[PDB]
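# Descriptive analysis of the structure
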Amino acid sequence: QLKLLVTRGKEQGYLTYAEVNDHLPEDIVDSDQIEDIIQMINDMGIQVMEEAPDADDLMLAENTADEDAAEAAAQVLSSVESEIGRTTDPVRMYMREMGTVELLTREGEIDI
DNA sequence: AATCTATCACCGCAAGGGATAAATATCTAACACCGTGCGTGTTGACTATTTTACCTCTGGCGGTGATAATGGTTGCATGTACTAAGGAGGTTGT
């Protein structure tokens, strides 16, 4: 399932730690795995959590990657595929696999 | 294993029925003739048997279209009766 978390995080340019339960991957339960896999969620999406800023927004601009070329932008196939429903159809798995591409049409595939 | 008297009857032996085969008379069929016409023969002119050549069919198959069209389908495996196995995880114990 996964796409909800990673897409809304990239739209926001930022993702707070606890929003892993606000936009949950409807798949898995790995709560103690988080404390290292958060690494490649942050070198291309960095954020953390505290009571309140006042003038402090800029942090992303000195601390982040720049092309989303092939990495967690596409190897995330495994982490969206990983829960195909044990007895239920190829007419389901393709819906998880297209968890990659949404609708790059009308100019994005022209840029390809 | 021979003897017979005394059964129920086959012989004892008169009658008469059908049969078949002779002679006759009828039938048909086998043939020998005749006449028809067809498949007896060569020859000849036809036209389209086959071949090859040429000019120009049919169907071999390779090739791929653009005003634009950019989140899909798919219905019923089964409702029962069993129960053996693996899977879970907290814990009260080993």
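The record names cryo-EM as the way this model was obtained, at a resolution of 17 Å.

In the nomenclature of the PDB entry, chain A corresponds to RNA polymerase sigma factor RpoD from the organism Escherichia coli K-12. The deposited entry bears the title "EM structure of the DNA wrapping in bacterial open transcription initiation complex".

Estimates place the volume of the largest pocket at around 1600 Å³. Listed by contribution, the elements that provide at least two residues to the lining of the largest pocket are α1 (3-12), α2 (34-37), α3 (39-42) and α4 (77-81). If one sorts the elements of the lining of the largest pocket by residue count, α1 sits on top with six residues. Roughly 290 Å³ of internal volume is contained in the second largest pocket. What lines the second largest pocket is simply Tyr14, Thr16, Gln47, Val48, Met49, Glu50, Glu51, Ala52, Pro53, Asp56, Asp57 and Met59. Of the residues belonging to the lining of the second largest pocket, the class tally is six nonpolar, two polar and four charged.

On to the protein's contact with DNA strand B. The immediate surroundings of DNA strand B are formed by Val91, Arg92, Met95, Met98, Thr105, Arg106 and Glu109. The sugar and phosphate moieties of DNA strand B supply 9% of its atoms located within 4 Å of the protein. One of the side-chain nitrogen or oxygen atoms of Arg92 is found 2.9 Å away from a base oxygen of DNA strand B. The separation between a base oxygen of DNA strand B and a polar main-chain atom of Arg106 is 3.5 Å. Considering each element in turn, the surface near DNA strand B owes the most residues, three residues, to helix α5 (residues 90-97).

What counts, and at which threshold
- Residues numbered from 1 in each chain as written, not as in the entry; some residues may be left out.
- Chains lettered and ligands numbered in written order.
- Part of a larger assembly, values for the part shown.
- Heavy atoms only, no water.
- 1 Å grid on protein atoms, 1.4 Å probe; cavity = no way out; pocket = protein on both sides within 12 Å on 5 of 7 lines; lining within 4 Å.
- Points joined across faces, edges and corners; volume = space filled by probe spheres on them.
- Helix = DSSP H or I, 4+ residues; strand = E, 2+ residues; numbered from the N terminus.
- Nonpolar A, V, L, I, M, F, W, Y, C, P; charged D, E, K, R; others polar.
- Near = heavy atom within 4 Å.
- Polar contact = N/O pair within 3.5 Å; in protein donor to acceptor, adjacent residues only side chain to side chain.

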